[PDB]
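J.: Have a look at this fold, sequence not included:
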């Protein structure tokens, strides 16, 4: 009837951070060494970390040394695993597992396991934006919609920096898809829509992306 | 300079769980009450939780009591906030803040703050699947592609359960978008593709969605 | 139990002014009150604690007073760097309660928004998504309401808004509202409209287009 | 310390007595444990300190060995015993596992029946193209599926899913789905999946031309 339950699993992008927790049922963790283990795709198990009683020792596998941190909370019976600078090979099912008391044995197996939580690290840490026109139709307004990019920021200029009066570039918004979106607009003389060409120059440094988009009447 | 830094923010769906942590630079947390505060849309600040020294008491705002947990790790100087059964109104910038500690004052303000981490709770806790046909083109194969649903599971039957021989419904796969997808296939006599109609019945209980899709040869 | 209310919610002023913001508590809190400054995207900074004690390093033009249930922050000689949000906070042994915040902005004349609507581009539509954009340009003050109507049906849950900071030249704001639909949902309707209300407008302003322009 | 399990996959029948071997690259005395794991479930400890049976574990499981050589023995395989088994060397500060041994139900070799499905026009119109390749009723489970688009090998844009052993005929089935945007889909003509399996004398290719 001894139970463990992990929480905090989800999708992360390469280089990101994620924190897992583990709660327990029908025992107190204080007398037990607590551990994190992962099953990778392919079926093999991999020991990740251990923390002894009273946190006298914290031990990590080499592949996570310096990136992961384990903590314990004996008063409310919780274990934590911080994962930073995550890599694709961190993708796995993560379980928390209890060992016997390290005050009573120098070598114990993992005798109770939680059901696991899935952690997926996507290989793409960056994604370039799609640029669409906001076409005009005394004073007219036009612009560029910069959609579906990661991470921040994106810089927008107009006519290679020659046009700056009346330009508004809005703060990015985070969409439910996990990607960012913004708009940049400019107001211009309505008579100039035939003579002047208007080009928005979008730069996304994290993905080394540069897009020039011509905004004309349709 | 005394510094705090939050980690663990990101995107979660309503009802899900997310855990934040806070590390520090140039001081030890053990002598300080530590706090979590959030800035909501509209610009106001909102106290979330506090944990006293030696964890003698853990205090929570009413809107989060029973859903959030705060923990401290004085030996390596970390603070944690577990958030469960999260709601849209949990969307905010979350900061960890130190309460002052003086041998000269028993009650101090929040004198050091982290830069904050963004937490976004999307409104949709469930999403129904889109169902597309896999057209059959001695023994032929046909099926249904059940794409873009959340969460698990989806049930698939064929011809309201009358057809079960040779049916394989595959384990769901998690796509890079965060949504699940699967396929269900069946092999049938090739001569029956003209006479018999084949219908896949897809049930997604979490969103109360039911779809019946007819699978015919294409031309 | 303690509720804190700041007055006013928004304060318009000019450089050089002396301004006051008050914080009122629903019950006596002695002098356990602090004031914080916060600029967009940054962490709060403590200015004043125990109602009147100035934190070391904070300029002398900031001062605080009051007790019991009534407290006052005073800025004597407003400078540009001082335009920001200010928060009052009652702090106790285990918990803390804040005010709703007071945004201090640069004073100018009221300006109604200029409204524009943008249909989705054919490229994005072909890719399978339709973003319809509504722009409210150069308005003051910042509070405005935007609603979407599709074939005269009021929309909810499918739009997102973004707002700029005060313009460096004319001190106005601008706001964008983006309505996102699938290509099929987009193409099963004709009239797309954005409706705007602002204190500078006597009646709501609607801008619309018909799909297929 | 490196742990090596033999074999990687063990095909057996109900009632058999089977052995799985675990070798340590250096002596680990008797600090060795065995675990059972079924798909989608948590591992269960069976045996620790090489030979001590955990309370509640059926007596048909036994373990032996020392130094660098260890053996798990199941005497009287039952259906419930078909699963993956892991050996683990455990110390105070570090631990390491073998690669795992999957125990499956033995049957004759069966080559897959291969089918390819182009995306439906509805999904294509919505802006995405899912191309599906099906491998039906094969044994053993090891198979390789590759995607070729205009004879160019694809990578990173497909996902696979595999069933458990069928209760009736003990075979497997596998699906591979290649996902592209509508724009990427429509700039190519020939879409093919190539399948390699022990039951096939040569790789099998199923293909179609986009739009026909």
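T.: On my side now, so go ahead. Numbers count the residues shown, from 1 in each chain, chains lettered A, B, ... in the order given.
J.: contacts and neighbour counts: CA atoms only from here.
T.: Will do.
J.: For the residue with the largest distance to the centre of chain A, grab phi and psi.
T.: Here the centre of chain A is the reference, and by Cα atoms, centre = their mean the most remote residue is residue A:191, at 46.5 Å. Main-chain dihedrals, residue A:191, degrees, to the nearest 10: phi -70, psi -20.
J.: go on, the one 4 residues further on?
T.: Its backbone dihedrals place residue A:195 at phi -90, psi -40, with angles given as degrees, to the nearest 10.
J.: Just give the number of residues close to it.
T.: Residue A:195 has 7 neighbours, counted by other Cα atoms under 10 Å in any protein chain shown.
J.: again with residue A:135
T.: 20.
J.: returning to what we had before: let me see the contact set for the residue nearest to the residue farthest from the centre of chain A when sequence neighbours are not counted.
T.: Nearest non-adjacent residue to residue A:191, counting by Cα to Cα, 6 or more residues apart in numbering or on different chains: residue A:138, 7.2 Å away. By Cα atoms under 8 Å, 6 or more residues apart in numbering or on different chains, the residues touching residue A:138 are A:189, A:190, A:191.
J.: Give me the phi and psi angles of the residue lying closest to residue C:76 once chain neighbours are set aside.
T.: Excluding the flanking residues, the one nearest residue C:76 by Cα to Cα, 6+ apart is residue C:18, at 4.4 Å. Backbone torsions of residue C:18, given as degrees, to the nearest 10, read phi -100, psi 120.
J.: Quick check, residue C:18 in contact with residue C:79.
T.: No. Using Cα atoms under 8 Å, residue C:18 makes no contact with residue C:79, being 10.1 Å away.
J.: what pairs with the host helix or strand of residue A:131, and is each one parallel or antiparallel?
T.: Counting by DSSP states H and E, the element that carries residue A:131 is strand A:130-134. Partners of strand A:130-134 in the sheet, by DSSP bridges, are strand A:139-149 (antiparallel).
J.: buried stuff in the helix or strand following the strand it pairs with?
T.: Downstream of strand A:139-149, the next assigned helix or strand under DSSP H and E is strand A:155-158. For strand A:155-158, burial by neighbour count (16 or more other Cα atoms under 10 Å in any protein chain shown) applies to A:156, A:157, A:158.
J.: Specify the beta-bridge partners of the first one.
T.: Beta-bridge pairing for residue A:156 (DSSP bridges): residue A:202.
J.: And for residue A:50?
T.: Beta-bridge partners, per DSSP bridges, of residue A:50: residue A:35, residue A:59.
J.: show me the contacts for it.
T.: Per Cα under 8 Å, 6+ apart, neighbours of residue A:50: A:33, A:34, A:35, A:36, A:58, A:59, A:60, A:70, D:93.
J.: Burial check on the second one, number of neighbours?
T.: Read it as residue A:34. 28.
J.: How about the fifth one?
T.: Residue A:58: 17 surrounding residues under other Cα under 10 Å.
J.: show me the contacts for it.
T.: Contacts of residue A:58 (Cα under 8 Å, 6+ apart): A:49, A:50, A:51, A:52, A:70.
J.: what about it, distance to residue A:51?
T.: 5 Å (Cα to Cα, to the nearest Å).
J.: joint contacts of those two?
T.: residue A:70.
J.: Give me the domain ranges for chain A.
T.: For chain A, curated CATH domains gives the domain ranges A:1-123, A:124-217.
J.: quick one, which of those is packed in tightest?
T.: domain A:1-123 (a mean of 19; mean count of other Cα atoms under 10 Å in any protein chain shown).
J.: what's next to stretch A:92-112, contact-wise?
T.: Residues beyond stretch A:92-112 that count as contacts (Cα under 8 Å, 6+ apart) turn out to be A:2-6, A:22, A:31-41, A:52-53, A:113-120, D:31, D:33, D:42, D:44-45, D:48, D:90-92.
J.: at 7 Å instead, please
T.: With Cα atoms under 7 Å, 6 or more residues apart in numbering or on different chains as the test, stretch A:92-112 has contacts from A:6, A:22, A:31-41, A:52-53, A:113-120, D:33, D:45, D:48, D:90-92.
J.: Quick one: residues contacting residue 30.
T.: Looking at chain A here, since you left the chain open. A:53, A:74 are the contacts of residue A:30 under Cα under 7 Å, 6+ apart.
J.: Sorry, I should have been clearer: chain C.
T.: C:67, C:68.
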